[PDB]
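Participant: What follows is a single structure, and I will ask about it in a moment.
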Amino acid sequence: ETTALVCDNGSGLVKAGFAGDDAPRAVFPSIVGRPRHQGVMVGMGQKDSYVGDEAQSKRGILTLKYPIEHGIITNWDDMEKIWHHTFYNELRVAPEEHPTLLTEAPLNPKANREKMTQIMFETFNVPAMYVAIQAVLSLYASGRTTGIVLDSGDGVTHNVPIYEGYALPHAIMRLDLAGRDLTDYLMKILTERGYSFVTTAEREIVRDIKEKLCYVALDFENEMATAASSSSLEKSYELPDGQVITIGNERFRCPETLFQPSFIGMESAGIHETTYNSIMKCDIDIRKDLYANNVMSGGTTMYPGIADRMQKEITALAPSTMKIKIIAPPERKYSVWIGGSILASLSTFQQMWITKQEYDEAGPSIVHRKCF
Amino acid sequence: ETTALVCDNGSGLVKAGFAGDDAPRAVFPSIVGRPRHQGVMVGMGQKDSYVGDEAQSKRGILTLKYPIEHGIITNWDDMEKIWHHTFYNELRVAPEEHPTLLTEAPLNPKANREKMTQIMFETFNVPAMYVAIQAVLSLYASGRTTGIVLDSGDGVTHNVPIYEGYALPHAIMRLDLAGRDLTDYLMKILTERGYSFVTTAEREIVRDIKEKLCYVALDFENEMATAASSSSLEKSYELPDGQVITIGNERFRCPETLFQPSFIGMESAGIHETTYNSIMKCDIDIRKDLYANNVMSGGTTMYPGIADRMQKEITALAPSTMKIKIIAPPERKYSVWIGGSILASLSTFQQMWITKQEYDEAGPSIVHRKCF
Amino acid sequence: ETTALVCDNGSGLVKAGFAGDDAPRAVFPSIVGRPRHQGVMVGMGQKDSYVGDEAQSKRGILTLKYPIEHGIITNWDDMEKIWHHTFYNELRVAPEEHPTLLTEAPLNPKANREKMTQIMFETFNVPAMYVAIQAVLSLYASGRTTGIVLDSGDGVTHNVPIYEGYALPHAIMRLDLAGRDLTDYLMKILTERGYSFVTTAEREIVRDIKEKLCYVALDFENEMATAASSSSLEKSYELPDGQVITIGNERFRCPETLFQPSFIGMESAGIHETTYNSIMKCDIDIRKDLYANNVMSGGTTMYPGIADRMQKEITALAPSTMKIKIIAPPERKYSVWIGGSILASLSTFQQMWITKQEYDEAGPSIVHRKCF
Amino acid sequence: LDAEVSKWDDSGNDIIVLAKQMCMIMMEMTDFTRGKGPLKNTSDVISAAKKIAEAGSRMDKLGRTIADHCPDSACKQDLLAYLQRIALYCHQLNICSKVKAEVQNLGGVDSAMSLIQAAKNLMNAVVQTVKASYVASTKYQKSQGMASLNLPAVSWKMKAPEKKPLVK
Ligand SMILES: Nc1ncnc2c1ncn2[C@@H]1O[C@H](COP(=O)(O)OP(=O)(O)O)[C@@H](O)[C@H]1O
Ligand SMILES: Nc1ncnc2c1ncn2[C@@H]1O[C@H](COP(=O)(O)OP(=O)(O)O)[C@@H](O)[C@H]1O
Ligand SMILES: Nc1ncnc2c1ncn2[C@@H]1O[C@H](COP(=O)(O)OP(=O)(O)O)[C@@H](O)[C@H]1O
Ligand SMILES: [Mg+2]
Ligand SMILES: [Mg+2]
Ligand SMILES: [Mg+2]
């Protein structure tokens, strides 16, 4: 009769809700803001920190910090503030009545998961908790059990190949290029238009620019060439102040970092080439099913036209005798949440939590021999 | 059960009263007059100095001096005379029974505030005192917490942008053009009509001329053009002697110095252009709320039609996609007092005074790490 | 047998000379002055604009404008006046006989460089021109090829890490805090002494105050503490009028903005923290050579004692097992010029100009695929 | 814009009911800017602002009563901050109404608009401290001092929020 709580603590958007549901009830950016000015009024000077949407509304007077950068957690005193805002202030449930399910990118440091379950037990007193891999839940949300997962969140971009039940942990390819690096490259590439976005409160504005304008070209060279004859690729976006900005080739040079990471100096391969590189790390028998089942979770795979370029860029690398199907579900931004609503509400799961009586005798090291 | 005293020591009008009230009890011009003639009668020759309205009534036989010029205080021996007239002679209270709240224009010299609190402690023996910024109280009086303040008093004209509680001290723009310079420019521009006002007792008369006649045109060039066909813009004002004077374009060339300070040779921008210049020093997120909340305290924003020209002159500089609302309250001349009646009577303020036991151990340098 | 012209068009000081030389022949402030008064004499009223030192000599009667603010050029009609004064009036050469080399801060708008080379070709008719990055020439002047460059000019402050030949364009960190903002903060902080510098002709005087008085403390807190016991840190400076001024802690609060940009409200890091932030954006192998080779060009690194504080403030951030050497050459104010005298006179360079026959067929867009 | 936040019932019995009274008097106060409610002149807006000032002082009293027994920082500092905000807003509204009344009886739309903006900020502060007092009460229900006030989590009528839209 009790329900389970699920909380995808992403790098840019904390999503949370109840198990068995079909949509997250709370979604808010995981920002902690400190005020940085004097505060001359005698009231409204005691509020020392702001979290979530009330920091997103007041971002002009706050230094903004994400506690999660590239999947790992660098500030625990802000992460417990964000979780305390998540459970009480927006979900309005007590943690002691519901078991909780958290989300972790693969190949993370063990100290991150250890301090995460220690904070979840010895501060909020949950009955039971479970941390799951951020990519294995995307296959639950897609309805499948085979396929490789290209989860490109805000922090990290990881490819996990999973045949029917069984993952292949020697082929989990985690690349540190994601939406925050595209946001910083859009800050760097909008300087050539004349616009200077320097503070951390303008990162939100250029993130909104990336939201509503940036698409990815099917072919990059000729689309770059037609931007020289600047006639139809410019687009105007209105700022919060009122000034309009015009954007030309910067509209599609920003997602092209996903397929050419040498633009920001990263010695790596693009997300089309590490996918074929990661399928080739697998065995030759399951390679046919992994080629034909390519799910894409994460918000950074919500650019207009990333499925077409992903298919076109794999099919020049794969052998040309069997098809590639980049299956891109339309709700994929919340996809990591949706599988979290499945696995927590599944009937055969309830003897695979981490109970509090199992934690206090074995310490926080119980989370490694239970989850992965 | 005790009340607090508030005393806005302006450059042209000392206003004073009790906290929690809705109107100042004492308002009088901050003038100190010395007699300058022989005094042949054997009585009425011992009264060495006159202050306030009894100097305003007898101004023909007195050299008149304002102790405050451009916000700073240049004559302490007259300022203590004005405060001694304020507390005892017109408010009729003792300073030792009531805490006091004084008013200071921003970006003033520190020695001014230091000698001000030293005079307030070691001469009048107040229980506690506080000095507040002249513009932050105008937002208390307007009922708001966001917006920029265009406080144009008699001494200085300062623009202070304040988002909800938090000021932005790097955008406080203080310009030394105010009502006294408009009075001197009206003395200079009335010479072309034939009238010569040369002494300091005629500055009061031409100030009254500025009171009852001078308005500000919405458009300056065509209003200057229609004054050439001199039919309806002349106005007659009666002097204290009985001679009438006729005023034509001098009726609106006097407030136009507020929007074109090159008339009196000041290398600056007008109060329409330093406002948009000061909003653009702020951050791009709070710029929408600062454009739409433009309070105007100070008596020099009581010209007939300054709100319309302020709105029309900002909206040619601001981006045209969101509105400008120059909110001009009708009691705005006393507005700096009204917020002073709020902040001193506020319940959460009483542990943010400067007590006498906090002053004697730290000296007069305690006022910098308490107020700003 | 022909020589090349080099012209560092800085934000506060245009420097220019011939290639192969060891010192600039012409150095003058890049100011354009319009007269702002009536001009009652019948002669001396036709001279409509003044540039360079003849505007610096007559600055009391001129509105002064810098055409370059924060690296970009906001007034082309004044910049062509400054270049026309540079070539003909002070260098006394024709531009058609010498190829020219101009200087550009990195991460500038492309339209700035485009209009710069269009003005250099279709107005002065140079045989060939080249624009170079303002920081890569400082390593030529320092004699090195590895190291990071902290070029803090008058407009911008940019850190560029360059290993032996190869720059790292993903770590070019450009911060908009430089000597003009320190000049404005010195105008703002000298108001507390009582001195009011309001017009644009007093910016030159307070710039001279910054020249001859302002040093930077090794430790800021105890040096602030010893300024309270005001005995030995005051210094007197004589104005052009004759009034002397005394300066206490304002002598070292002005360069401290370089290491704490929260004083002027800038959400950024100081030049000690963006340097370690920019070295950490590089790769782990070249980090040893970049730590030990820290050149400092630009005039704003000519404060007395900035090398000691830069070393002390990096070595608290860097790992303590290998040394930091802030190499500060004594001629560093002209350092951007000196490398410009090297690279233009280098024998292997002369097939990497932009000839006029290469420009007219490809338009002004040839400058992007030649310089960076 | 707190009608979507003011989804409650008449329960709570000390905090929620005056919050609903303040919400309906704001909804009738800011209708005067559209000008189709029961407010005609400006003096009834002064009486309305005095009503919200007295109700905000009462809410400040109840918020001070709940804040004594909260043990440490985690929500008590937030509650004290919102209490100082609602105290500033109510005390500013109280003697900002007086100067508008004295301007009214000594001599016309923006005069209402300043009090409207003050009431809007007061209502945002009061729904923020309602949320903070809910968190502080149902966080520490086993803690001593909270149990004597007799405010269980059932008594608050806060439901779970809406399903967020997955697409668009
Ligand atoms: N429609 C979209 N187009 C482009 N980028 C998007 C879109 N939706 C989301 N994003 C990017 O994805 C991020 C959404 O957060 P997300 O990474 O899904 O959270 P999590 O870190 O939990 O996976 C945002 O930072 C944004 O940059
Ligand atoms: N009704 C009015 N019309 C025009 N000017 C006014 C009016 N009332 C006041 N002033 C101007 O404003 C000044 C009033 O003093 P004020 O500046 O309000 O004092 P403070 O310096 O404390 O702000 C006078 O010098 C006068 O020039
Ligand atoms: N001796 C010095 N001490 C302190 N600051 C200096 C000194 N010399 C120059 N400066 C600063 O450096 C600037 C000199 O201009 P500079 O930046 O060298 O021109 P450019 O912009 O071409 O590099 C001035 O604005 C001044 O602030
Ligand atoms: Mg994520
Ligand atoms: Mg004043
Ligand atoms: Mg320079």
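In the structure tokens, each chain is lettered A, B, ... as it comes, each chain's residues begin at 1, and ligands are numbered from 1 in order of appearance.
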Compile the contact shell of residue 360 of chain B as a ChimeraX atom specification: residues with an atom at most 10 Å away, counting only C-alpha atoms, same-chain residues fewer than 5 positions apart removed.

Facilitator: /B:121-122,355,366

Participant: Write out as a PDB file with N, CA and C atoms, in the first residue's frame all residues of segment 86-161 of chain A that backbone DSSP assigns to alpha helix (DSSP H).

Facilitator:
ATOM      1  N   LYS A 110      33.623   5.518  -6.275  1.00  0.00           N
ATOM      2  CA  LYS A 110      32.897   4.801  -5.236  1.00  0.00           C
ATOM      3  C   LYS A 110      32.589   5.668  -4.028  1.00  0.00           C
ATOM      4  N   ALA A 111      33.418   6.676  -3.752  1.00  0.00           N
ATOM      5  CA  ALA A 111      33.170   7.553  -2.616  1.00  0.00           C
ATOM      6  C   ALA A 111      31.920   8.392  -2.821  1.00  0.00           C
ATOM      7  N   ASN A 112      31.582   8.681  -4.078  1.00  0.00           N
ATOM      8  CA  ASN A 112      30.356   9.404  -4.393  1.00  0.00           C
ATOM      9  C   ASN A 112      29.126   8.606  -3.983  1.00  0.00           C
ATOM     10  N   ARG A 113      29.052   7.341  -4.405  1.00  0.00           N
ATOM     11  CA  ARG A 113      27.934   6.481  -4.027  1.00  0.00           C
ATOM     12  C   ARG A 113      27.922   6.184  -2.532  1.00  0.00           C
ATOM     13  N   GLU A 114      29.104   6.050  -1.923  1.00  0.00           N
ATOM     14  CA  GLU A 114      29.198   5.769  -0.492  1.00  0.00           C
ATOM     15  C   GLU A 114      28.656   6.925   0.340  1.00  0.00           C
ATOM     16  N   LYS A 115      29.107   8.149   0.055  1.00  0.00           N
ATOM     17  CA  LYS A 115      28.587   9.295   0.785  1.00  0.00           C
ATOM     18  C   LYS A 115      27.137   9.571   0.426  1.00  0.00           C
ATOM     19  N   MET A 116      26.705   9.182  -0.776  1.00  0.00           N
ATOM     20  CA  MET A 116      25.307   9.349  -1.150  1.00  0.00           C
ATOM     21  C   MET A 116      24.399   8.465  -0.308  1.00  0.00           C
ATOM     22  N   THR A 117      24.753   7.188  -0.142  1.00  0.00           N
ATOM     23  CA  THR A 117      23.888   6.347   0.680  1.00  0.00           C
ATOM     24  C   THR A 117      24.056   6.636   2.165  1.00  0.00           C
ATOM     25  N   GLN A 118      25.216   7.147   2.586  1.00  0.00           N
ATOM     26  CA  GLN A 118      25.368   7.549   3.981  1.00  0.00           C
ATOM     27  C   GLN A 118      24.511   8.764   4.305  1.00  0.00           C
ATOM     28  N   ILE A 119      24.450   9.730   3.387  1.00  0.00           N
ATOM     29  CA  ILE A 119      23.579  10.883   3.565  1.00  0.00           C
ATOM     30  C   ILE A 119      22.118  10.461   3.492  1.00  0.00           C
ATOM     31  N   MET A 120      21.800   9.500   2.625  1.00  0.00           N
ATOM     32  CA  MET A 120      20.415   9.064   2.515  1.00  0.00           C
ATOM     33  C   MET A 120      19.957   8.277   3.738  1.00  0.00           C
ATOM     34  N   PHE A 121      20.869   7.607   4.441  1.00  0.00           N
ATOM     35  CA  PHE A 121      20.466   6.867   5.635  1.00  0.00           C
ATOM     36  C   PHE A 121      20.544   7.708   6.904  1.00  0.00           C
ATOM     37  N   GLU A 122      21.719   8.246   7.204  1.00  0.00           N
ATOM     38  CA  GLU A 122      21.940   8.877   8.495  1.00  0.00           C
ATOM     39  C   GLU A 122      21.511  10.339   8.545  1.00  0.00           C
ATOM     40  N   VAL A 136      20.745   1.956 -17.489  1.00  0.00           N
ATOM     41  CA  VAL A 136      19.982   0.714 -17.533  1.00  0.00           C
ATOM     42  C   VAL A 136      18.497   0.989 -17.350  1.00  0.00           C
ATOM     43  N   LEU A 137      18.142   2.135 -16.766  1.00  0.00           N
ATOM     44  CA  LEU A 137      16.743   2.497 -16.604  1.00  0.00           C
ATOM     45  C   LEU A 137      16.133   3.013 -17.897  1.00  0.00           C
ATOM     46  N   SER A 138      16.962   3.521 -18.810  1.00  0.00           N
ATOM     47  CA  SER A 138      16.457   3.992 -20.090  1.00  0.00           C
ATOM     48  C   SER A 138      15.910   2.854 -20.938  1.00  0.00           C
ATOM     49  N   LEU A 139      16.445   1.644 -20.779  1.00  0.00           N
ATOM     50  CA  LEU A 139      15.880   0.515 -21.501  1.00  0.00           C
ATOM     51  C   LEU A 139      14.562   0.059 -20.908  1.00  0.00           C
ATOM     52  N   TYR A 140      14.389   0.212 -19.596  1.00  0.00           N
ATOM     53  CA  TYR A 140      13.079   0.002 -18.994  1.00  0.00           C
ATOM     54  C   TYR A 140      12.068   0.978 -19.565  1.00  0.00           C
ATOM     55  N   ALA A 141      12.464   2.244 -19.679  1.00  0.00           N
ATOM     56  CA  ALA A 141      11.551   3.258 -20.195  1.00  0.00           C
ATOM     57  C   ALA A 141      11.248   3.056 -21.671  1.00  0.00           C
ATOM     58  N   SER A 142      12.199   2.524 -22.431  1.00  0.00           N
ATOM     59  CA  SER A 142      11.953   2.269 -23.842  1.00  0.00           C
ATOM     60  C   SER A 142      11.199   0.975 -24.091  1.00  0.00           C
TER      61      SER A 142
END

Participant: Within 9 Å of ligand 2 (counting only C-alpha atoms and all ligand atoms), which residues show up? I'd like them as a VMD selection string.

Facilitator: chain B and resid 8 to 15 29 71 103 134 151 to 156 178 to 180 182 to 183 207 to 208 210 to 215 297 to 304 332 to 337

Participant: Restrict the selected residues to C-alpha atoms and save them as a PDB file, in the first residue's frame.

Facilitator:
ATOM      1  CA  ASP B   8      16.094  64.091   7.149  1.00  0.00           C
ATOM      2  CA  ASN B   9      18.806  66.761   7.087  1.00  0.00           C
ATOM      3  CA  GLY B  10      18.467  67.724   3.468  1.00  0.00           C
ATOM      4  CA  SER B  11      20.372  70.346   1.563  1.00  0.00           C
ATOM      5  CA  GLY B  12      17.460  72.758   1.319  1.00  0.00           C
ATOM      6  CA  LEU B  13      14.764  71.593   3.725  1.00  0.00           C
ATOM      7  CA  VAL B  14      15.284  69.950   7.101  1.00  0.00           C
ATOM      8  CA  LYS B  15      12.339  67.651   7.805  1.00  0.00           C
ATOM      9  CA  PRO B  29      14.608  75.514   5.259  1.00  0.00           C
ATOM     10  CA  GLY B  71      25.246  66.674   0.139  1.00  0.00           C
ATOM     11  CA  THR B 103      19.760  60.652   6.274  1.00  0.00           C
ATOM     12  CA  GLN B 134      18.738  58.746   1.131  1.00  0.00           C
ATOM     13  CA  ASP B 151      16.358  60.879  -5.799  1.00  0.00           C
ATOM     14  CA  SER B 152      16.979  64.425  -6.986  1.00  0.00           C
ATOM     15  CA  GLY B 153      17.093  66.596  -3.908  1.00  0.00           C
ATOM     16  CA  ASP B 154      18.411  70.120  -3.526  1.00  0.00           C
ATOM     17  CA  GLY B 155      22.044  69.098  -3.217  1.00  0.00           C
ATOM     18  CA  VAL B 156      22.614  65.953  -5.279  1.00  0.00           C
ATOM     19  CA  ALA B 178      20.117  69.367  -8.489  1.00  0.00           C
ATOM     20  CA  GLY B 179      17.684  72.100  -7.516  1.00  0.00           C
ATOM     21  CA  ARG B 180      20.264  74.617  -6.334  1.00  0.00           C
ATOM     22  CA  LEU B 182      18.635  75.004 -11.405  1.00  0.00           C
ATOM     23  CA  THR B 183      18.074  77.977  -9.110  1.00  0.00           C
ATOM     24  CA  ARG B 207      13.381  79.696  -5.803  1.00  0.00           C
ATOM     25  CA  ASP B 208       9.731  80.661  -5.292  1.00  0.00           C
ATOM     26  CA  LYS B 210      10.885  78.048  -9.726  1.00  0.00           C
ATOM     27  CA  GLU B 211       8.236  76.685  -7.314  1.00  0.00           C
ATOM     28  CA  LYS B 212       5.140  78.235  -8.828  1.00  0.00           C
ATOM     29  CA  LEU B 213       5.992  78.690 -12.522  1.00  0.00           C
ATOM     30  CA  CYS B 214       8.616  76.344 -13.952  1.00  0.00           C
ATOM     31  CA  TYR B 215       7.333  73.280 -15.784  1.00  0.00           C
ATOM     32  CA  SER B 297      11.667  60.862  -4.722  1.00  0.00           C
ATOM     33  CA  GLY B 298      13.060  64.312  -4.025  1.00  0.00           C
ATOM     34  CA  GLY B 299      11.504  67.701  -4.583  1.00  0.00           C
ATOM     35  CA  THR B 300      13.154  68.344  -7.940  1.00  0.00           C
ATOM     36  CA  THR B 301      10.992  65.580  -9.411  1.00  0.00           C
ATOM     37  CA  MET B 302       7.897  67.644  -8.576  1.00  0.00           C
ATOM     38  CA  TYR B 303       7.915  69.717 -11.745  1.00  0.00           C
ATOM     39  CA  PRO B 304       4.653  69.554 -13.697  1.00  0.00           C
ATOM     40  CA  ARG B 332       7.164  62.358  -3.161  1.00  0.00           C
ATOM     41  CA  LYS B 333       8.738  65.559  -1.776  1.00  0.00           C
ATOM     42  CA  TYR B 334       8.445  64.092   1.713  1.00  0.00           C
ATOM     43  CA  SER B 335       9.133  60.564   0.440  1.00  0.00           C
ATOM     44  CA  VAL B 336      12.609  60.280   1.988  1.00  0.00           C
ATOM     45  CA  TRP B 337      10.992  61.162   5.294  1.00  0.00           C
TER      46      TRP B 337
END

Participant: Can you work out the spacing between atom CA of residue 185 of chain A and atom CA of residue 108 of chain C in Å, to one decimal?

Facilitator: 14.9 Å

Participant: Calculate how many Å separate atom CA of residue 69 of chain D from atom CA of residue 132 of chain D, rounding to one decimal.

Facilitator: 14.1 Å

Participant: Could you please tell me, as a VMD selection string, which residues of chain A have an atom within 8 Å of chain B when using only C-alpha atoms?

Facilitator: chain A and resid 37 to 45 58 to 61 201 to 202 240 to 243

Participant: Could you please tell me, as a list in words, which residues of chain B have an atom within 9 Å of chain D when using only C-alpha atoms?

Facilitator: residues 20, 21, 22, 23, 140, 141, 142, 143, 144, 145, 327, 328, 329, 330, 331, 338, 339, 341, 342, 343, 345, 346, 347 and 348 of chain B

Participant: Using only C-alpha atoms and all ligand atoms, pick whichever of A:356, A:81, A:92, A:70 has the shortest atom-to-atom distance to ligand 4.

Facilitator: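 Closest candidate: A:70.
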